[PDB]
């Protein structure tokens, strides 16, 4: 069952309550080229992502207007002012190739929480990570406080046309990665920040992370302007 059939609204609401994102197909025609292409995408990628599909009429009618849609639902605990919880597939034609691209480009949003499980999906492109005591079990309050500050700043650079991906991550979980940046792992609350480019250059924020976001802002400005020396371990 590469994609989970959702048979009621209640099963749908259950599916999307996960700590990870949901990729949900809405098809009134289970035999269409499009439905087939989604099950193909689902069979191909189900090891790293959560797929489900539905022909429940109220659901299909809600999320698409022509009985043929895909929506990504990002995790409820991560919803924020800077982006929306849902992303619709808006290409005219659904192919497995286009669908995989849409997942890769949209599933994580402005600043995912990087975990042990999703790290290989998030890493690989030019990426800023803020590391701190992220833990949505015991510390949702702290986790949101710092993530909202990273996102507020990131959103401004993104809107301005800059290309860089962002994430937050546990300074404890990723204690080993930190040594790449000459950062130590502590139980301390204040984020440390470093960028790794796709081509392997590392840039480490020097100033302390200020509550108003301006230290991050100055670091990113210098990064984009080409004013930072890279970190050599």
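Numbering follows the first chain given and starts at 1.
Higher mean CA temperature factor, per the PDB entry, when comparing 117 to 125 with 142 to 150: 117 to 125. According to the PDB record, 6 to 14 carries the higher mean C-alpha B-factor of the two stretches 206 to 214 and 6 to 14. In this entry, the residue among 64, 29, 201, 47 with the greatest C-alpha B factor is 29. The entry assigns its greatest Cα B factor, within the set 85, 77, 93, 100, to 93. Among all modelled residues in this chain, the alpha-carbon of residue 160 has a temperature factor (C-alpha) in the highest third. Residue 188 sits in the highest third of its chain by CA B factor, as recorded in the PDB entry. Residue 54: CA B factor in the middle third of modelled residues in this chain (values from the PDB entry). Per the PDB record, residue ranking by Cα B-factor puts residue 40 in the highest third of the chain. Sorting the modelled residues of the chain by their CA temperature factor places residue 171 in the middle third.
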